[PDB]
Amino acid sequence: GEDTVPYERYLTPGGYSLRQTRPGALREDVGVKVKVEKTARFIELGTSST
Amino acid sequence: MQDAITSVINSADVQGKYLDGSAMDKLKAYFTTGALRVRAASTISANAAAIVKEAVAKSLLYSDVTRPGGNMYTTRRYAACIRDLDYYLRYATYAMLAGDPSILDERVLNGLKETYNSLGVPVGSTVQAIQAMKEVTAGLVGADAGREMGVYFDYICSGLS
Ligand SMILES: CCC1=C(C)/C(=C/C2=NC(=C\c3[nH]c(/C=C4\NC(=O)[C@H](C)[C@H]4CC)c(C)c3CCC(=O)O)/C(CCC(=O)O)=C2C)NC1=O
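Residues numbered from 1 in each chain as written, not as in the entry; some residues may be left out. Chains lettered and ligands numbered in written order. Part of a larger assembly, values for the part shown. Heavy atoms only, no water.

Structure determination for this PDB entry is given in the record as cryo-EM, at a resolution of 3.5 Å.

This is the structure:
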């Protein structure tokens with residue numbers, strides 16, 4: 001509307017699939033689940049206090 | 001009574017942790033110094049009576065304490081003084097071999113101040129005698145073995161004072 005130069009508002013799924021799902025650009029939730037990363041309970045029980 | 005190895009293991013066990021890299025480095029330091037500790041212990045076991053009699057010849061002889069009225073006067077008191085100095089040199093050798101002064105405050109410095117204060121034994125004169133014993137054995141075994149002997153001799157003098 002006569003104040004701003006344009007900018008890339010929409011991608012195709014091909015272009016977004018190109019840029020985001022590359023391995024360095026990737027997150028780690030994106031497509032299958034990730035399980036929780038707790039420490040082992042025998043290490044937690046073997047400490048020196050609750 | 002614990003050496004450097006047993007104290008490292010006791011720290012890692014009171015933590016409940018395994019032996020990490022700092023404990024490995026401490027044990028590597030002890031396993032590098034151990035041969036020097038062994039050779040200094042053999043050299044000190046060679047010359048027990050000579051180091052003791054040179055310590056008395058440096059500090060306690062020809063002073064007032066061997067004269068009448070002194071606490072080192074009689075032959076019984078002289079023999080007990082030689083016995084006490086032999087104890088200090090023997091336990092300093094043990095603490096040098098272990099690399100930990102836990103044997104000194106477990107078995108020398110436990111009731112020693114109260115014993116010497118009940119008997120009337122001068123603590124400053126026996127501290128000077130232990131210092132001369134340290135000086136003689138550091139002249140005997142060299143610079144760094146004399147230093148690692150003198151740290152436990154200074155431990156005995158600090159706990160006695
Ligand atoms: C292994 C650890 C350990 C130590 C060190 C030890 C010391 C010790 N030293 C003693 C006496 C003594 N200690 C001394 C020593 C000294 N007086 C001096 O004037 C000098 C400054 C100094 C010698 C360098 C003397 C003279 C006595 C005899 C006191 C007496 O017979 O009245 C006694 C009185 C009992 C007895 O002679 O046999 C003990 C228990 N006991 C121990 O279990």
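On we go.
Would you mind going over the overall build of chain A in detail, with residue names and values included?
What chain A contains, in helices and strands, is two helices and zero strands. By the compact-globule yardstick of 10 Å for 50 residues, chain A is too spread out, its C-alpha radius of gyration being 22 Å. With the principal axes as the frame, chain A shows a C-alpha extent of 70 × 25 × 15 Å. Counting all 50 residues of chain A, 2% fall into the buried class. (Helix = DSSP H or I, 4+ residues; strand = E, 2+ residues; numbered from the N terminus. Rg over C-alpha atoms; globule rule 2.2 N^0.38 Å. Buried < 20%, exposed > 50% of the residue type's maximum accessible area, 1.4 Å probe, protein only.)

Any details on the site of the ligand? Residues and values, ideally.
Residue and element names in this part refer to chain B. Around the ligand, a shell composed of 24 residues is seen, among which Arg-76, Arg-77, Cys-81, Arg-83 and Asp-84 lie nearest. Mapped onto the shell around the ligand, the elements with two or more residues apiece are α4 (75–98), α6 (112–119) and α7 (123–141). For the shell around the ligand, the element with the highest residue contribution is α4, accounting for ten residues. Its residues assigned to classes, the shell around the ligand comprises 15 nonpolar, four polar and five charged. (Near = heavy atom within 4 Å. Nonpolar A, V, L, I, M, F, W, Y, C, P; charged D, E, K, R; others polar.)

Could you give an account of helix α2 (residues 21–46) of chain B, with specific residues and numbers?
Residues and elements named next belong to chain B. Its 26 residues place the ends of α2 38 Å apart at the C-alpha level, agreeing with the 38 Å of an ideal helix rising 1.5 Å per residue. The sharpest bend along α2 reaches about 35° and sits at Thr-33. Along α2, the positions that sit buried rather than exposed are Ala-23, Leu-27, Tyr-30, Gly-34, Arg-37, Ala-40, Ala-41 and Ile-44. Buried residues along α2 sit in contact with α1 (4–15), α3 (48–60), α4, α7 and α8 (143–160). (Expected span 1.5 Å × (residues − 1). Bend = angle between axes of the 7 residues up to and from the residue. Contact = heavy atoms within 4.5 Å.)

Hey, could you go over the packing of aromatic side chains for me, with residue numbers and the actual values?
Residue and element names in this part refer to chain B. The full count for this structure, using the stated rule, is three aromatic pairs over all chains. Seen in terms of ring centroids, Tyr-30 and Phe-31 are 6.0 Å apart; in terms of plane orientation they differ by 40°. Their pairing is tilted. Taking relative accessible area as the criterion, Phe-31 reaches 57% and is therefore assigned exposed. Taking the centre distance of 6.3 Å and the plane angle of 45° together, the rings of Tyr-87 and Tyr-91 count as tilted. (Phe/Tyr/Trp six-rings, centres within 6.5 Å; stacked < 30°, edge-to-face > 60°.)

Got a sec to walk through the packing of α4(B) against α8(B)? Specific residues and values, please.
A pair of packed helices can be characterised by two numbers: the angle between their axes and the separation between those axes. Residues and elements named next belong to chain B. Contact geometry of α4 with α8 gives a least axis separation of 9 Å together with a crossing angle of 125°. Taken together, the axis directions place α4 and α8 in an arrangement best described as oblique. The two elements α4 and α8 meet at a crossing, and its hand is right-handed. Taking contact as the criterion, the partners of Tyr-88, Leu-89, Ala-92, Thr-93, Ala-95 and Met-96 in α4 are, on α8, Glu-148, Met-149, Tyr-152, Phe-153, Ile-156 and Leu-160. In terms of residue class, the contact of α4 with α8 is built from ten nonpolar, one polar and one charged. (Axes fitted to C-alpha atoms, helices over the stretch in contact; angles between N-to-C directions. Parallel < 35°, antiparallel > 145°, perpendicular 65-115°, else oblique. Left-handed = near helix turned anticlockwise from the far one by under 90°.)

Let's hear about the side chain of B:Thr126: which residues, and what values?
For B:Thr126, the location among the structural elements is in helix α7. Look past the residues within four positions of B:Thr126 in its chain and what remains in contact with it is B:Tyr88, B:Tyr116 and B:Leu160.

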